[PDB]
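Structure data follow from query38.csv (CSV, C-alpha atoms and all ligand atoms):
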```csv
chain,number,residue,atom,x,y,z
A,1,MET,CA,-54.7,69.2,97.9
A,2,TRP,CA,-53.6,70.6,94.5
A,3,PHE,CA,-51.5,67.5,93.8
A,4,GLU,CA,-54.7,65.5,93.6
A,5,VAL,CA,-55.2,66.9,90.1
A,6,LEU,CA,-51.8,65.6,88.9
A,7,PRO,CA,-52.8,62.0,88.2
A,8,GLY,CA,-55.3,63.1,85.6
A,9,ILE,CA,-52.8,65.6,84.2
A,10,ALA,CA,-50.2,62.7,84.1
A,11,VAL,CA,-52.7,60.4,82.2
A,12,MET,CA,-53.6,63.2,79.8
A,13,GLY,CA,-49.9,64.1,79.3
A,14,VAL,CA,-48.9,60.5,78.6
A,15,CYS,CA,-51.8,60.4,76.1
A,16,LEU,CA,-50.4,63.5,74.4
A,17,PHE,CA,-46.9,62.1,74.5
A,18,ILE,CA,-47.9,58.9,72.7
A,19,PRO,CA,-48.6,60.2,69.1
A,20,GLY,CA,-45.3,62.0,68.6
A,21,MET,CA,-43.2,59.2,70.1
A,22,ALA,CA,-45.2,56.8,68.0
A,23,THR,CA,-44.7,58.6,64.7
A,24,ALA,CA,-41.0,59.1,65.4
A,25,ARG,CA,-40.4,55.4,66.1
A,26,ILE,CA,-42.6,54.4,63.1
A,27,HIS,CA,-40.7,56.7,60.8
A,28,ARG,CA,-37.4,55.3,62.0
A,29,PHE,CA,-38.7,51.8,61.6
A,30,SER,CA,-40.1,52.3,58.1
A,31,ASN,CA,-37.1,54.2,56.7
A,32,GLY,CA,-34.0,52.4,57.7
A,33,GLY,CA,-33.3,53.7,61.2
A,34,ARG,CA,-33.6,57.3,60.0
A,35,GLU,CA,-36.0,60.1,59.5
A,36,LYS,CA,-38.7,60.0,56.8
A,37,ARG,CA,-37.5,61.8,53.7
A,38,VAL,CA,-39.3,65.1,53.4
A,39,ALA,CA,-40.2,65.8,49.8
A,40,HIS,CA,-42.1,69.1,49.7
A,41,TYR,CA,-40.6,70.1,46.3
A,42,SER,CA,-40.2,68.2,43.1
A,43,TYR,CA,-36.4,68.3,43.3
A,44,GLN,CA,-36.5,66.4,46.6
A,45,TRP,CA,-38.9,63.9,45.1
A,46,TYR,CA,-36.6,63.6,42.1
A,47,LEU,CA,-33.6,62.8,44.2
A,48,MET,CA,-35.7,60.4,46.3
A,49,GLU,CA,-37.0,58.5,43.2
A,50,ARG,CA,-33.4,58.5,42.0
A,51,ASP,CA,-32.4,56.9,45.4
A,52,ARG,CA,-35.2,54.3,44.9
A,53,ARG,CA,-33.8,53.4,41.5
A,54,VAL,CA,-30.1,53.4,42.4
A,55,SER,CA,-30.7,51.3,45.5
A,56,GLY,CA,-31.7,48.3,43.4
A,57,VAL,CA,-34.1,47.0,46.0
A,58,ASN,CA,-37.0,49.5,45.3
A,59,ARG,CA,-36.4,51.3,48.6
A,60,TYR,CA,-35.1,54.9,48.6
A,61,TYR,CA,-33.8,54.6,52.2
A,62,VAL,CA,-31.3,51.8,51.2
A,63,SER,CA,-28.3,54.1,50.8
A,64,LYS,CA,-25.5,53.3,48.4
A,65,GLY,CA,-22.1,54.9,48.9
A,66,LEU,CA,-18.6,54.6,47.4
A,67,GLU,CA,-18.8,50.8,47.4
A,68,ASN,CA,-21.3,50.9,44.6
A,69,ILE,CA,-18.8,52.4,42.3
A,70,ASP,CA,-15.4,50.8,41.4
B,1,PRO,CA,-45.3,64.2,9.4
B,2,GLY,CA,-41.7,62.9,9.6
B,3,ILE,CA,-40.3,60.1,11.7
B,4,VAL,CA,-38.7,61.1,15.0
B,5,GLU,CA,-35.0,60.1,15.2
B,6,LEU,CA,-34.2,58.2,18.4
B,7,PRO,CA,-30.6,57.1,19.2
B,8,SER,CA,-29.8,53.5,19.7
B,9,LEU,CA,-29.6,51.8,23.1
B,10,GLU,CA,-25.9,51.4,22.6
B,11,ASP,CA,-25.6,55.2,22.4
B,12,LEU,CA,-27.2,55.4,25.8
B,13,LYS,CA,-24.9,53.0,27.6
B,14,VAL,CA,-22.6,54.6,30.1
B,15,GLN,CA,-21.2,53.7,33.5
B,16,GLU,CA,-23.8,55.1,35.9
B,17,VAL,CA,-23.1,57.0,39.1
B,18,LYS,CA,-25.0,54.5,41.3
B,19,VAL,CA,-24.7,56.5,44.6
B,20,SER,CA,-27.6,57.8,46.7
B,21,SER,CA,-28.6,61.5,46.9
B,22,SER,CA,-26.9,62.1,50.3
B,23,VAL,CA,-23.6,60.9,48.8
B,24,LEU,CA,-24.1,63.4,46.0
B,25,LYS,CA,-25.2,66.2,48.4
B,26,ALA,CA,-22.3,65.6,50.7
B,27,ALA,CA,-19.8,65.8,47.8
B,28,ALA,CA,-21.7,68.5,46.0
B,29,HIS,CA,-19.5,71.6,46.5
B,30,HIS,CA,-16.3,69.8,45.7
B,31,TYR,CA,-18.1,68.3,42.7
B,32,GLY,CA,-19.0,71.8,41.5
B,33,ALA,CA,-15.4,72.9,42.1
B,34,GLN,CA,-13.6,70.0,40.5
B,35,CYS,CA,-16.0,68.8,37.8
B,36,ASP,CA,-16.7,72.4,36.6
B,37,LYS,CA,-15.6,72.3,32.9
B,38,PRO,CA,-17.4,69.2,31.4
B,39,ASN,CA,-20.5,70.0,33.4
B,40,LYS,CA,-20.7,73.6,32.1
B,41,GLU,CA,-19.8,72.4,28.6
B,42,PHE,CA,-22.8,70.0,28.8
B,43,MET,CA,-25.2,72.5,30.2
B,44,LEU,CA,-24.1,75.1,27.6
B,45,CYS,CA,-24.7,72.5,24.9
B,46,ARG,CA,-28.0,71.6,26.6
B,47,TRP,CA,-29.4,75.1,26.7
B,48,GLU,CA,-28.1,75.9,23.2
B,49,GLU,CA,-29.1,72.8,21.2
B,50,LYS,CA,-32.5,72.4,23.0
B,51,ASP,CA,-32.3,68.6,22.2
B,52,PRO,CA,-30.8,65.9,24.4
B,53,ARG,CA,-30.0,63.8,21.3
B,54,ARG,CA,-27.5,66.5,20.3
B,55,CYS,CA,-26.0,66.4,23.8
B,56,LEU,CA,-25.2,62.7,24.5
B,57,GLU,CA,-21.4,62.8,24.3
B,58,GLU,CA,-20.9,65.8,26.5
B,59,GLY,CA,-23.4,64.1,28.9
B,60,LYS,CA,-21.2,61.0,28.8
B,61,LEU,CA,-18.2,63.2,29.7
B,62,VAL,CA,-20.2,64.3,32.7
B,63,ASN,CA,-20.7,60.7,33.7
B,64,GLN,CA,-17.0,60.2,33.0
B,65,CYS,CA,-15.9,63.1,35.1
B,66,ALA,CA,-18.2,62.4,38.1
B,67,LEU,CA,-16.8,58.8,38.5
B,68,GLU,CA,-13.2,60.1,38.4
B,69,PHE,CA,-14.3,62.5,41.1
B,70,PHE,CA,-15.5,59.7,43.3
B,71,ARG,CA,-12.6,57.3,42.8
B,72,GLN,CA,-10.3,60.2,43.8
B,73,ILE,CA,-12.4,60.4,47.0
B,74,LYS,CA,-12.5,56.6,47.3
B,75,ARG,CA,-8.8,56.2,47.0
B,76,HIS,CA,-7.8,58.8,49.6
B,77,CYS,CA,-10.6,59.9,51.9
B,78,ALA,CA,-13.2,57.1,52.1
B,79,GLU,CA,-13.5,57.3,55.9
B,80,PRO,CA,-14.3,61.0,56.5
B,81,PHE,CA,-16.5,61.0,53.4
B,82,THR,CA,-18.5,58.0,54.5
B,83,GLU,CA,-18.8,59.4,58.0
B,84,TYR,CA,-20.0,62.7,56.5
B,85,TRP,CA,-22.6,61.4,54.0
B,86,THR,CA,-24.0,59.0,56.7
B,87,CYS,CA,-24.7,62.0,58.9
B,88,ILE,CA,-26.2,64.0,55.9
B,89,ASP,CA,-28.2,60.9,55.1
B,90,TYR,CA,-29.8,60.7,58.6
B,91,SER,CA,-31.7,64.0,58.2
B,92,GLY,CA,-35.1,63.9,56.4
B,93,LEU,CA,-34.3,67.2,54.8
B,94,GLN,CA,-30.6,66.4,54.6
B,95,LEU,CA,-29.3,69.5,56.4
B,96,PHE,CA,-25.8,70.7,56.0
B,97,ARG,CA,-26.1,72.5,59.3
B,98,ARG,CA,-26.6,69.3,61.3
B,99,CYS,CA,-23.2,67.9,60.1
B,100,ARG,CA,-20.6,70.7,60.4
B,101,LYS,CA,-18.0,68.7,62.2
B,102,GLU,CA,-18.1,65.8,59.8
B,103,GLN,CA,-18.0,68.4,57.0
B,104,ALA,CA,-14.9,69.9,58.7
B,105,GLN,CA,-13.2,66.6,58.9
B,106,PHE,CA,-14.0,65.8,55.3
B,107,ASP,CA,-12.8,69.2,54.1
B,108,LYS,CA,-9.6,68.9,56.2
B,109,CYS,CA,-8.8,65.4,54.8
B,110,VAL,CA,-9.6,66.6,51.2
B,111,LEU,CA,-7.6,69.8,51.5
B,112,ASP,CA,-4.6,67.9,52.9
B,113,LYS,CA,-4.6,64.9,50.6
B,114,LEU,CA,-6.0,66.5,47.4
B,115,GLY,CA,-5.7,70.2,47.8
B,116,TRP,CA,-9.4,70.9,46.9
B,117,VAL,CA,-10.8,74.1,48.3
B,118,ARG,CA,-14.5,74.0,49.1
B,119,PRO,CA,-16.4,76.8,47.2
B,120,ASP,CA,-17.5,79.8,49.3
B,121,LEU,CA,-21.0,81.1,49.6
B,122,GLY,CA,-21.9,82.6,46.2
B,123,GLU,CA,-19.3,80.9,44.0
B,124,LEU,CA,-21.2,77.9,42.6
B,125,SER,CA,-24.1,80.1,41.6
B,126,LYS,CA,-22.0,82.3,39.3
B,127,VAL,CA,-22.6,82.6,35.6
B,128,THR,CA,-19.4,81.4,34.0
B,129,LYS,CA,-18.1,81.5,30.4
B,130,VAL,CA,-17.4,78.2,28.5
B,131,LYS,CA,-15.0,77.9,25.5
B,132,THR,CA,-16.3,75.1,23.2
B,133,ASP,CA,-15.4,73.9,19.7
B,134,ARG,CA,-18.9,72.8,18.7
B,135,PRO,CA,-20.7,75.4,16.5
B,136,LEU,CA,-23.5,77.7,17.6
B,137,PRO,CA,-26.9,76.4,16.4
B,138,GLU,CA,-28.1,78.8,13.8
B,139,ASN,CA,-31.8,77.6,14.0
B,140,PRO,CA,-32.2,75.9,17.4
B,141,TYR,CA,-36.0,76.1,17.1
B,142,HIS,CA,-36.0,74.6,13.6
B,143,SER,CA,-38.1,77.5,12.5
B,144,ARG,CA,-39.2,77.7,8.9
B,145,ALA,CA,-39.4,80.9,6.8
B,146,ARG,CA,-41.4,83.7,8.3
B,147,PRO,CA,-44.1,85.4,6.2
B,148,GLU,CA,-43.3,88.8,4.6
B,149,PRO,CA,-44.9,91.8,6.3
B,150,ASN,CA,-47.6,93.9,4.7
B,151,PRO,CA,-46.3,96.9,2.7
B,152,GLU,CA,-46.0,99.9,4.9
B,153,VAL,CA,-47.4,103.4,4.3
B,154,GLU,CA,-45.3,105.8,2.3
B,155,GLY,CA,-45.9,109.0,0.4
B,156,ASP,CA,-47.0,112.4,1.4
B,157,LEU,CA,-50.7,112.6,2.3
B,158,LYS,CA,-52.7,114.4,-0.3
B,159,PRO,CA,-56.2,115.7,0.3
B,160,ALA,CA,-59.3,113.5,-0.5
B,161,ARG,CA,-60.2,113.8,-4.2
B,162,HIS,CA,-63.5,115.7,-4.2
B,163,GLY,CA,-63.9,115.3,-0.4
B,164,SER,CA,-65.9,112.6,1.2
B,165,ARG,CA,-67.6,111.4,-2.1
B,166,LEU,CA,-70.6,110.5,0.0
B,167,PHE,CA,-73.7,110.6,-2.3
B,168,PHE,CA,-74.0,114.3,-2.8
B,169,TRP,CA,-71.6,115.9,-0.3
B,170,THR,CA,-68.9,117.9,-2.0
B,171,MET,CA,-66.7,118.2,1.0
C,201,LIG,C1,-61.0,136.3,2.6
C,201,LIG,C2,-61.2,135.3,3.6
C,201,LIG,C3,-62.7,135.0,3.9
C,201,LIG,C4,-63.5,134.6,2.7
C,201,LIG,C5,-65.0,134.5,2.9
C,201,LIG,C6,-65.8,134.0,1.8
C,201,LIG,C7,-67.3,133.8,2.0
C,201,LIG,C8,-68.0,135.1,2.4
C,201,LIG,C9,-69.4,134.9,2.9
C,201,LIG,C10,-69.5,134.2,4.3
C,201,LIG,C11,-70.5,133.2,4.4
C,201,LIG,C12,-70.3,131.9,3.6
C,201,LIG,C13,-71.3,130.9,3.9
C,201,LIG,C14,-70.9,129.5,3.5
C,201,LIG,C15,-70.7,129.3,2.0
C,201,LIG,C16,-72.0,129.0,1.2
C,201,LIG,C17,-72.6,127.6,1.6
C,201,LIG,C18,-73.8,127.3,0.9
C,201,LIG,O1,-74.7,128.1,0.6
C,201,LIG,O2,-73.9,126.0,0.5
C,201,LIG,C19,-74.9,125.7,-0.5
C,201,LIG,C20,-75.4,124.3,-0.3
C,201,LIG,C21,-75.0,123.5,-1.5
C,201,LIG,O3,-75.3,124.1,-2.7
C,201,LIG,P1,-74.4,124.4,-4.0
C,201,LIG,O4,-75.1,125.3,-4.9
C,201,LIG,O5,-74.1,123.0,-4.6
C,201,LIG,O6,-73.0,125.0,-3.4
C,201,LIG,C22,-72.8,126.4,-3.4
C,201,LIG,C23,-71.4,126.7,-2.9
C,201,LIG,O7,-70.5,126.2,-3.8
C,201,LIG,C24,-71.2,126.1,-1.5
C,201,LIG,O8,-69.8,125.8,-1.4
C,201,LIG,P2,-69.3,124.3,-1.2
C,201,LIG,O9,-69.6,123.4,-2.3
C,201,LIG,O10,-67.8,124.4,-0.8
C,201,LIG,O11,-70.1,123.8,0.1
C,201,LIG,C25,-69.7,122.6,0.8
C,201,LIG,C26,-70.9,121.8,1.1
C,201,LIG,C27,-71.9,121.9,0.0
C,201,LIG,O12,-73.0,121.1,0.3
C,201,LIG,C28,-73.0,119.8,-0.2
C,201,LIG,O13,-72.0,119.3,-0.7
C,201,LIG,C29,-74.3,119.2,-0.2
C,201,LIG,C30,-74.8,118.8,1.2
C,201,LIG,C31,-75.5,120.0,1.9
C,201,LIG,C32,-76.4,119.5,3.1
C,201,LIG,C33,-77.7,118.8,2.6
C,201,LIG,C34,-78.4,118.2,3.8
C,201,LIG,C35,-79.8,117.7,3.4
C,201,LIG,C36,-80.5,117.1,4.5
C,201,LIG,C37,-80.8,118.0,5.6
C,201,LIG,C38,-81.7,119.3,5.2
C,201,LIG,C39,-81.9,120.2,6.4
C,201,LIG,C40,-83.1,121.1,6.2
C,201,LIG,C41,-82.9,122.3,5.4
C,201,LIG,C42,-82.9,123.6,6.1
C,201,LIG,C43,-84.2,123.8,7.0
C,201,LIG,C44,-84.3,125.1,7.7
C,201,LIG,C45,-83.2,125.3,8.7
C,201,LIG,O14,-71.4,122.2,2.4
C,201,LIG,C46,-71.9,121.3,3.2
C,201,LIG,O15,-72.0,120.1,2.9
C,201,LIG,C47,-72.3,121.9,4.5
C,201,LIG,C48,-73.8,121.8,4.8
C,201,LIG,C49,-74.6,123.0,4.4
C,201,LIG,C50,-74.2,124.2,5.2
C,201,LIG,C51,-74.1,125.5,4.4
C,201,LIG,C52,-73.7,126.7,5.2
C,201,LIG,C53,-74.7,127.1,6.3
C,201,LIG,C54,-74.2,128.2,7.2
C,201,LIG,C55,-75.4,128.9,7.9
C,201,LIG,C56,-76.4,128.0,8.4
C,201,LIG,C57,-77.8,128.6,8.6
C,201,LIG,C58,-78.9,127.6,8.4
C,201,LIG,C59,-78.9,126.9,7.1
C,201,LIG,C60,-80.0,125.8,6.9
C,201,LIG,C61,-79.7,124.5,7.6
C,201,LIG,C62,-79.3,123.4,6.6
C,201,LIG,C63,-77.9,123.5,6.0
C,201,LIG,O16,-76.9,124.4,-0.4
C,201,LIG,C64,-77.6,123.5,0.2
C,201,LIG,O17,-77.2,122.5,0.7
C,201,LIG,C65,-79.0,123.9,0.3
C,201,LIG,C66,-79.4,124.5,1.7
C,201,LIG,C67,-78.8,125.8,2.0
C,201,LIG,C68,-77.6,125.8,3.0
C,201,LIG,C69,-77.4,127.0,3.8
C,201,LIG,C70,-77.0,128.2,2.9
C,201,LIG,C71,-76.1,129.2,3.6
C,201,LIG,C72,-76.6,130.6,3.9
C,201,LIG,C73,-77.8,130.6,4.9
C,201,LIG,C74,-78.4,132.0,5.1
C,201,LIG,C75,-79.9,132.0,5.5
C,201,LIG,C76,-80.1,131.6,6.9
C,201,LIG,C77,-81.6,131.8,7.3
C,201,LIG,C78,-81.9,131.6,8.8
C,201,LIG,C79,-81.6,130.2,9.3
C,201,LIG,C80,-82.4,129.1,8.6
C,201,LIG,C81,-83.8,129.2,8.8
```
Written as structure tokens, that's how I'd like the structure from this file.
Amino acid sequence: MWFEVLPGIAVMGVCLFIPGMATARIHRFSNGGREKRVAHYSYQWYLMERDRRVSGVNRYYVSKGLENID
Amino acid sequence: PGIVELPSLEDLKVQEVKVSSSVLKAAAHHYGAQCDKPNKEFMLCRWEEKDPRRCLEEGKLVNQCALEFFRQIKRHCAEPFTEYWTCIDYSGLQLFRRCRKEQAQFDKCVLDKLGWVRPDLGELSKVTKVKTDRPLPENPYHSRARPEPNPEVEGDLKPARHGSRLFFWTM
């Protein structure tokens, strides 16, 4: 009956689920287990480039805390 | 024209604040509360002199007063501050609203062990007055002498001598 249409809906729904799950996991893989930095404005990009310079390893997502000062 | 005057590389050596932006954003309100005076002296000097080369030493004081800010966190409250800037650091927009309980623990530990009150909504955006001993720049734009204006009109307006004086017209 009407549950015969549910396999196609399941296949299409898994295919719609894949891109968002993929970009979430790829953003966490490419950015140190965290969200991708959102730089819409030049202050956010300024702090991000500051992070890339203060990390020492040319990666903004490598965070440096109190241990990096004396 | 003339030679530009750059300071030496020794005049640019200072102990850098080598922390990430989420460390700075997590400590930002207490940094504005505690490191008020040398920051505002520097920014007053920076908007008045309009030259960073005239603003190095005050800038060094900023980089001196930030570090003493962090050591005073690092001595007393390293655990709630670390646990708070890590949670600030997770967010891609670095939201304060995602991290209110780590903020509350950091504010509790700081207010107990250091007595710092976090600034309320509206306070860090106030325009404050700064008492400095450096002089006011009398010519901050390095403007030269301005040209003298044309002489203005003066005198009561008399009629035209013999009218228009156009070829044969008498008025
Ligand atoms: C108590 C309180 C009250 C007190 C009241 C006191 C007064 C009482 C009387 C009341 C009436 C006063 C009238 C005004 C004062 C006299 C003005 C005068 O005669 O100036 C002479 C004027 C200058 O001669 P002037 O001897 O050196 O000066 C004598 C005075 O000192 C002139 O004095 P000014 O030196 O101070 O004048 C200033 C200056 C003096 O002039 C100049 O500095 C030189 C430049 C003048 C213009 C030249 C233009 C040339 C190219 C265009 C030519 C156009 C074609 C000519 C006409 C074609 C036909 C229409 O005038 C002008 O530039 C204005 C232009 C001329 C207008 C004159 C008045 C016209 C009013 C009636 C118009 C009717 C149609 C007239 C014909 C149209 C052409 C004007 O003569 C001419 O330019 C020659 C042409 C004649 C002009 C008109 C004459 C007025 C009487 C017309 C009656 C007939 C009408 C017939 C029907 C219509 C036409 C078919």
Checklist entry - Quick one, how far is atom CA of residue B:40 from atom CA of residue B:62? => result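 Between atom CA of residue B:40 and atom CA of residue B:62 the gap is 9.3 Å.
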Next on the checklist: Any residue with an atom at most 8 Å from ligand LIG 201 (chain C) counts, using all atoms listed in the file. Which are they? Put them as a ChimeraX atom specification.
Outcome noted: /B:168-171
Next on the checklist: Would you mind listing, as number ranges by chain, all residues of chain B that have at least one atom within 9 Å of chain A, where only C-alpha atoms are what counts?
Outcome noted: B: 16-23, 67, 70-71, 73-74, 78, 82, 85-86, 89-94
Export of the given selection (C-alpha atoms) as a CSV table (one decimal), in the frame of the given file:
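The resulting file, selection_12.csv, is shown below:
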```csv
chain,number,residue,atom,x,y,z
B,16,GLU,CA,-23.8,55.1,35.9
B,17,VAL,CA,-23.1,57.0,39.1
B,18,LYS,CA,-25.0,54.5,41.3
B,19,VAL,CA,-24.7,56.5,44.6
B,20,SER,CA,-27.6,57.8,46.7
B,21,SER,CA,-28.6,61.5,46.9
B,22,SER,CA,-26.9,62.1,50.3
B,23,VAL,CA,-23.6,60.9,48.8
B,67,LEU,CA,-16.8,58.8,38.5
B,70,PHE,CA,-15.5,59.7,43.3
B,71,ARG,CA,-12.6,57.3,42.8
B,73,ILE,CA,-12.4,60.4,47.0
B,74,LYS,CA,-12.5,56.6,47.3
B,78,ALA,CA,-13.2,57.1,52.1
B,82,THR,CA,-18.5,58.0,54.5
B,85,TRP,CA,-22.6,61.4,54.0
B,86,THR,CA,-24.0,59.0,56.7
B,89,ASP,CA,-28.2,60.9,55.1
B,90,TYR,CA,-29.8,60.7,58.6
B,91,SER,CA,-31.7,64.0,58.2
B,92,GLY,CA,-35.1,63.9,56.4
B,93,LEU,CA,-34.3,67.2,54.8
B,94,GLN,CA,-30.6,66.4,54.6
```
Checklist entry - Counting only C-alpha atoms, which of B:24, B:45, B:160, B:111 gets nearest to residue B:84? => result B:24
Checklist entry - Just how far from atom CA of residue B:118 is atom CA of residue B:83, in Å to one decimal? => result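 Separation between atom CA of residue B:83 and atom CA of residue B:118: 17.6 Å.
For the pair atom CA of residue B:65 and atom CA of residue A:45, the interatomic distance is 25.1 Å.
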Checklist entry - Could you tell me, as a PyMOL selection string, which residues have any atom at most 12 Å from (-14.0, 71.5, 32.7), counting only C-alpha atoms? => result chain B and resi 31-44+58+61-62+64-66+128-132
Next on the checklist: Residues near residue B:107, anyone? I mean within 9 Å using all atoms listed in the file, not counting same-chain ones fewer than 6 positions away, as an MDAnalysis selection string.
Outcome noted: chainID B and resid 80 116:118
Save the residues we just selected, C-alpha atoms, as a PDB file, in the frame of the given file?
```pdb
ATOM      1  CA  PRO B  80     -14.300  61.000  56.500  1.00  0.00           C
ATOM      2  CA  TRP B 116      -9.400  70.900  46.900  1.00  0.00           C
ATOM      3  CA  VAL B 117     -10.800  74.100  48.300  1.00  0.00           C
ATOM      4  CA  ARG B 118     -14.500  74.000  49.100  1.00  0.00           C
TER       5      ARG B 118
END
```
